[PDB]
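As a starting point, one isolated chain is supplied in structure tokens, in the form deposited without the DNA.
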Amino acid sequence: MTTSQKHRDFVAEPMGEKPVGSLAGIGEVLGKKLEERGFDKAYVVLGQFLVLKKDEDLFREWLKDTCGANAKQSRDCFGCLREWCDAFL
């Protein structure tokens, strides 16, 4: 896979309290905008994924409409969150 080693590392161990910008697909700049919106921790963003019943179209529009992420960035967060759930929830 051409994804960063973080993608395989995140889906290989608990997420604990790592910062939101730790999720694959979210860069340092995007992490700051979400933090200003009340998502200072990744587990709060994980909850939004659960609220959307894992719907990929609703999840991608939520991130793009919420911060302006590009279509490529949204694909990395979906598979990243979907794969973590496959291992944990």
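From 1 onward, residues are counted along the sequence shown.
What comes next is about the form solved in complex with the DNA, which is not displayed.
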| query | Contact between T66 and the DNA in the deposited bound form at 4.5 Å, heavy atoms? | reply | no
| request: Consider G47 of the chain shown here, and say whether it contacts the DNA in the deposited bound form, taking contact as heavy atoms within 4.5 Å. | output: no
| query | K33 near the DNA in the deposited bound form, any heavy atom under 4.5 Å? | reply | yes
| Does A24 make contact with the DNA in the deposited bound form, using a 4.5 Å heavy atom cut-off? | yes
| request: Could you list which residues of 53 to 78 come within 4.5 Å of the DNA in the deposited bound form, counting heavy atoms only? | output: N70, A71, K72, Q73, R75
